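Before any comments, here is the structure.
Protein chains in written order, with my numbering: chain A, 1 to 110; chain B, 1 to 109; chain C, 1 to 106; chain D, 1 to 103.
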């Protein structure tokens with residue numbers, strides 16, 4: 001039951017809109033996923049992203065900048081030494097809170 | 001409160017809401033007779049409880065969520081057909097139909 | 001819901017509470033006691049009997065052993081409530097007037 | 001934060017925990033009474049450097065759990081000069097929450 005939390009948020013911020021519907025970008029070949037873009041990301045803090053590939057923590061990188069349409073791109077090339085991630089691997093993407101370094105899963109591939 | 005927001009993101013990828021209060025005024029202008037929210041949450045058919053100057057006016061049935069996402073709370077339905085004099089504090093609570101929990105969403109003075 | 005739990009651990013490193021409802025019965029329910037209530041704010045309680053809002057009353061003191069008792073005689077014009085009906089008990093937040101369910105009978 | 005406190009009260013009506021950091025050169029961190037709803041792991045970060053995750057020691061009968069920094073720092077304690085952050089790791093999603101900090 002998550003109404004108590006939702007309205008804890010409404011209490012703090014009356015007007016809020018976000019969209020973390022995952023857009024998985026595919027390089028060449030299509031087998032590989034090389035990016036993830038969110039249509040509308042939270043902007044209260046300059047969040048960072050951590051990527052996990054098949055159980056391997058690829059660490060934290062600087063975020064690409066929120067674009068004027070509110071979207072943000074995570075470029076997996078920046079985390080994976082210049083290579084896409086084969087789509088048979090599970091990919092986890094975390095937001096990292098800059099204040100305490102907390103990590104929250106926001107996207108998962110398979 | 002980042003931990004709570006992303007708890008919401010975890011369960012609800014895409015969410016938009018707007019409870020910026022639009023205080024309606026009858027005639028005379030001194031009286032507030034309504035409150036309108038531009039875009040309410042719709043996951044549950046919430047209702048509204050109104051407290052006028054510390055007096056609990058109780059719960060009533062919600063007006064319809066309109067096609068633009070808006071929802072109106074008519075204080076005439078809580079205050080026996082009179083607006084609320086703007087010198088009184090007004091508290092509006094959403095009521096959770098599952099457990100009857102109450103959460104403040106708008107406050108006049 | 002682990003994010004929320006550790007949000008609490010974050011704000012408050014050490015915490016113990018116990019709201020396991022001890023109902024006071026022998027067919028009418030005359031009271032409800034909680035072994036260990038939260039004490040960060042002086043909470044009041046609102047009681048609803050079989051859907052009927054009996055409203056808010058002033059709280060009894062938290063006892064030395066951390067317990068607090070809600071006496072339904074103060075809410076129901078001096079009368080117990082028959083187990084027939086569903087009793088809901090809400091904590092009332094004195095800051096904003098919010099209320100959260102914390103106990104239910106049937 | 002009362003709204004969230006009582007949401008926890010709602011989900012579990014009886015609960016006690018104690019994460020007041022017992023620091024023991026700092027070799028280790030002990031928590032008198034950890035949550036046990038999941039089998040949490042811990043991640044350590046030293047002076048900004050991610051030491052990563054290690055398997056957890058068993059929760060003691062008195063509810064306490066010990067994090068041993070020798071397992072995270074290649075057999076060496078951490079000098080109190082540096083800031084140590086300690087995160088619980090949620091085994092379901094891999095989320096991490098800060099639960100202790102040294103300066």
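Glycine included, each C-beta is placed from N, C-alpha and C at the ideal position.
Report back the beta-carbon spacing between residue 33 of chain D and residue 63 of chain D to the nearest angstrom; my notes put them in contact at under 8 Å.
4 Å
- [ ] Could you round the C-beta distance between residue 97 of chain A and residue 15 of chain A to whole angstroms and report it? I think they count as a contact, below 8 Å.
- [x] 22 Å between Cβ atoms; not a contact.
Fill in: Three-state secondary structure (DSSP) of residue 4 of chain C
helix
- Assess, as a yes-or-no matter, whether the segment 16–32 of chain B is touched by the segment 13–30 of chain A under the definition of 3 or more beta carbon pairs within less than 8 Å. yes
| message | My output table needs one value for residue 57 of chain B: the three-state DSSP class, helix, strand or coil. | response | strand
Q) What three-state label does DSSP hand residue 72 of chain C in the structure shown? A) helix
**Item:** Close Cβ partners of residue 87 of chain D (< 7 Å) along its chain, the five nearest in sequence each way excluded
**Value:** 42, 43, 96, 97, 98 and 99
Exercise. What first and last residue would you give for the beta strand (DSSP E) that runs through residue 46 of chain B?
Worked result: Note, residue 46 of chain B: premise wrong, no beta strand (DSSP E); not H, not E.
query = So is residue 49 of chain C buried or exposed if we call it buried at 16+ other beta carbons inside 10 Å?
reply = buried
Given this structure, state the Cα-to-Cα distance separating residue 28 of chain D from residue 59 of chain C, to the nearest angstrom. 44 Å
Examine the ligand ADP and report whether any of its heavy atoms sits within less than 6 Å of the Cβ of residue 32 of chain D. The ligand ADP is not among the ligands present in this structure, which contains no ligands whatsoever.
For residue 104 of chain A, the residue or residues it bridges with in DSSP
A:95
Residues that residue 6 of chain C contacts on chain B, provided the C-beta gap is smaller than 8 Å: 3
- Do you know offhand how far residue 30 of chain B's Cα is from residue 57 of chain B's? 20 Å
- Query: Of all the CB atoms in chain D, is at least one closer than 7 Å to the CB of residue 102 of chain A?
  - Reply: yes
Margin query: Could you tell me the alpha carbon to alpha carbon distance between residue 76 of chain A and residue 49 of chain D, rounded to whole angstroms?
Written below: 22 Å
Quiz prompt | residue 4 of chain B to residue 80 of chain B span [Cα, whole Å] | solution = 39 Å
| said: Measuring only the C-alpha atoms, how far is residue 40 of chain D from residue 7 of chain C? | reply: 15 Å
Taking the Cβ atom as the reference point for each residue, do residue 65 of chain D and residue 31 of chain D lie within a distance shorter than 7 Å?
yes
message: I'd like the span of the beta strand (DSSP E) that includes residue 34 of chain A, first residue to last.
response: 32–38
(message) Distance check for residue 61 of chain C and residue 12 of chain C, CA to CA, integer angstroms please.
(response) 23 Å
Contact criterion: CB-CB distance below 7 Å. Does residue 72 of chain B meet it with respect to chain A? no
| On the three-state DSSP scale, how would you describe residue 121 of chain A? | Lying before the first or after the last residue shown, residue 121 of chain A is absent from chain A, which here runs from 1 to 110.
Q. Which residues in chain C sit within 7 Å of residue 38 of chain D, going by Cβ to Cβ distance?
A. 2
request  = Using the Cα positions of residue 70 of chain C and residue 11 of chain A, report the straight-line distance between them to the nearest angstrom.
outcome  = 29 Å
How about residue 108 of chain A and residue 89 of chain A: do their beta carbons lie closer than 7 Å? no
Fill in: Limits of the beta strand (DSSP E) - the one that residue 145 of chain A falls within
The structure shown has nothing for residue 145 of chain A, since chain A only spans 1 to 110.
Could you check what DSSP says for residue 67 of chain C in three-state terms: helix, strand or coil? coil
With which residues is residue 18 of chain C paired in a DSSP beta bridge? C:36 and D:14
- C-alpha gap between residue 26 of chain B and residue 96 of chain C, whole angstroms: 27 Å
Cβ closer than 8 Å: which chain C residues qualify as neighbours of residue 51 of chain B?
97
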